[PDB]
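Structure 1 and structure 2, given next as structure tokens, are two forms of the same protein chain, each shown alone.
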Structure 1
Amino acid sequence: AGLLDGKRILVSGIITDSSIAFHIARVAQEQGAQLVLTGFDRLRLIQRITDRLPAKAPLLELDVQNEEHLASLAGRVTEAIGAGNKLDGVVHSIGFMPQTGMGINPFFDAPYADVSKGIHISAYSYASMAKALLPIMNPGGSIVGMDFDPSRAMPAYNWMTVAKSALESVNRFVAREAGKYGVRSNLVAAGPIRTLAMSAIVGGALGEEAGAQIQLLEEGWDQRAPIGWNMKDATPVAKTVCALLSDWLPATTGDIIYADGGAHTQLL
């Protein structure tokens, strides 16, 4: 009766109970999926958070910037799901851009070392995760990444927008590779969601004007979205990621599904 009954899915990106990945994982488990979770740096925090999910799931360490973590990932994942078992789904819910590349800091003042760390984690890592997990993925499988529509320039998002543009391009290429395994690669372009970092930004953490600009963006989103947009609810986004992990979008790859209330299709 579950949308993902008997599916083995890797879910990365859980840091808090407000992370999009926390809701992707919760909905996937509600839908019968058996999960493997990857965490970065704060493994003690991630453990106490992931324990509050509907079901038990092994937690593995994964710094996408660590080439040893990536090289050992498939072996570690196979150990957690059992020899002879493969993944049906992979969720990349990873994004990061240093403070110099987002907020009130002038767009021209982001040092390249920072932008490069940001593009490494936010875009390149999508291809790294794919390279590492495709050898242990089943035909009919699904790789899903989290995107924020970068088609147009926005205030404050700055170099994260640039990283999303790179991620969109990476995805179309990952799909060419994924296809050889009978696996789909897609992105979910979500509307803005109130994660801990996002509430902090809106509160003025990256400067006041950045907070005010994002608040206008969030307000405008809901105004344009024909069915509305509730940034305080990550479940519609999580439900969309599950739809892509399911067998119900079998002919969609190298693509982007917009879980944004339809705001991107409206000007005013």
Structure 2
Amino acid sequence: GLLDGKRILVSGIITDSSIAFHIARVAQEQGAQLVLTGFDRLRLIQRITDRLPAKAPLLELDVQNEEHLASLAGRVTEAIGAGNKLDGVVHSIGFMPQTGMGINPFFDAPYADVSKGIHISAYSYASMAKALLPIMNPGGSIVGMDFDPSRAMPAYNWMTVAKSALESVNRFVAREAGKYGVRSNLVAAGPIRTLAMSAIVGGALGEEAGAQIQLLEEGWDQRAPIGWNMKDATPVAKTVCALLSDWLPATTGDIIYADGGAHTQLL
């Protein structure tokens, strides 16, 4: 398998539609031994991770919690065993309150909400790198999840702002990670219709919000020379696994686009 013998920490599983759920699934299919981290609802997360091909210890991690971060390395060390290290780290954590993305006007998002969004979505990529680099093997790899923020797009609002910050954090994390022989990269994925986005499409935020996501999806599939299936996270999961492998050994501080080539085309 592509990741045979590799010890990989994977964060961000909340539902079986989570991009992380599919990263974990494909990583296990490729012979990786995983350590999973979950936020808040750990009983629910355990029930979700029970749906994976194989068993994996599950650790609690709230990236806004300093105690969880200060203890993370020792907790990982305990789960994988003394004398062992992590070969890979997957950051698949993203959040922005409704006030910062959706139908709320861009100017009406309060800074508390935007700052919480940027803490979890951008700053936490450096926090996790800081906590895990000392327990990472040389040749190691850290992958974060990006959504192309190069051009402004309706609805995404402050989440697009958080992704621009994340892109910058990634290049600085690469400088630190390099000292440990570790690579740091982001995967910029096309839109994925998780349980949450399926509710917006249905109308949880009103008919205007639904139509906004319906138009994005259509446009993305049209633009992509190989097409784009919003319901399938496998292509994105495989790209993350490719960055976790030894098959992109000279790529760091960079962004790999798993978007069907949509960002390279105007129409």
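Here the rigid core means the biggest group of C-alpha atoms that line up within 1.5 Å when the two forms are laid on top of each other. Shifts are known only where both forms have a C-alpha. Residues are numbered by position in structure 1's sequence, first residue being 1.
For the set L70, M231, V202, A57, a Cα shift of at least 2 angstroms between structures 1 and 2, after rigid core superposition, holds for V202 and for no other residue. In this core superposition, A80 moves its Cα by 0.1 Å between structures 1 and 2. In the core-aligned comparison between structures 1 and 2, the Cα atom of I214 sits 1.6 Å away from its counterpart. By the rule of 2 Å per CA over three or more consecutive residues, the rigid core superposition between structures 1 and 2 yields one shifted run, at 201-208.
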